[PDB]
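A lone chain, given as C-alpha cells: the form deposited in one PDB entry.
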C-alpha cells in the first residue's frame, strides 16, 4: 500500500562523512558522477520495456543540481518539501515526506500506468538521508568513499562504516556490488584529479 519495495541510498562521502559544502558537492569527479548516473538509471534488460527508477531528493539537493542536468533524465524525480509553494517541473513530483512520496508513486504508477517502477533511490541531502536511515524499508547503501579530508559543512547523519554500527551494516563483496548494478565496476582505489575514491555496497537486514 504505502511501501512495498526496499529503498536504496546513494551517497559520495569522505572518510569523515562530509557530503557537501555551500549547497554544493566539494569535488569535481567526472567518472564518479558517471557512476551515479549508471546505478540510478540501470534497469534489467527484460524489464527494460516498461520499468523506470525513481530518485528521491530533498529540495536543497534539487536546487544544487545544475539547471542543465535537471530534472535527472531517464528517472522519475520526486522532491521532498514540507513547503511546496510550487515545483518548476513538467512531470516531476513533490511530496511532503518520504512515505507521502511512496504513496504518491504507488498511486501515480499503478495499473493505469504504462510506466512501472523498478528501483527507488534516495539521493539526499543530509535531512532526507536522516529520514531514510530511520525508514524500515532502507536496506542498502551505495557509497563512494573519498579518501581526502575535504572541508565540508554538511555531514552524512549516521556513521554506518563505524564500529558501533558494524553488527547492523555489513560491507558486501565487490562481485555482488557488480551483480547488483549489472556492470562490472572498478575494484580498489580510483584516482581522478588528485582524489582517491572507492565504490562500496553496504546492506542491513530488515
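Positions refer to the first chain, counted from 1. Superpose the two forms; the largest set of C-alphas matching within 1.5 Å is the rigid core.
Here the stretch with the larger average CA B-factor, out of 36 to 44 and 150 to 158, is 36 to 44. Just going by the entry, 135 to 143 versus 62 to 70 on mean CA temperature factor gives the higher value to 62 to 70. Per the deposited coordinates, the residue with the largest Cα temperature factor out of 97, 116, 77, 127 is 116. Placement of the Cα temperature factor of residue 190 within the chain: middle third of the modelled residues, per the deposited record.
Ranked against the other modelled residues of its chain, the C-alpha B-factor of residue 166 as given in the entry falls in the lowest third. Residue-level temperature factors show residue 206 in the middle third of its chain, judged at the C-alpha atom. When all modelled residues of the chain are sorted by CA temperature factor, residue 24 is found within the highest third. Residue-level temperature factors show residue 8 in the lowest third of its chain, judged at the C-alpha atom.
We do not show the form deposited in another entry, though everything after this point is about it.
Of the residues checked (190, 11, 185, 25), the rigid-core alignment between this form and the one not shown shows a Cα shift of at least 2 Å for 25 alone. If you fit the rigid core between this form and the one not shown, you'll see the Cα of residue 162 move by less than 2 angstroms.
If you fit the rigid core between this form and the one not shown, you'll see the Cα of residue 47 move by 2 angstroms or more.
Here's the thing about residue 23 and residue 101: their CA atoms end up at least 3 Å farther apart in that other deposited form than they are in this form. Shown here is a form in which the CA atoms of residue 49 and residue 109 lie at least 3 Å farther apart than they do in that other deposited form.
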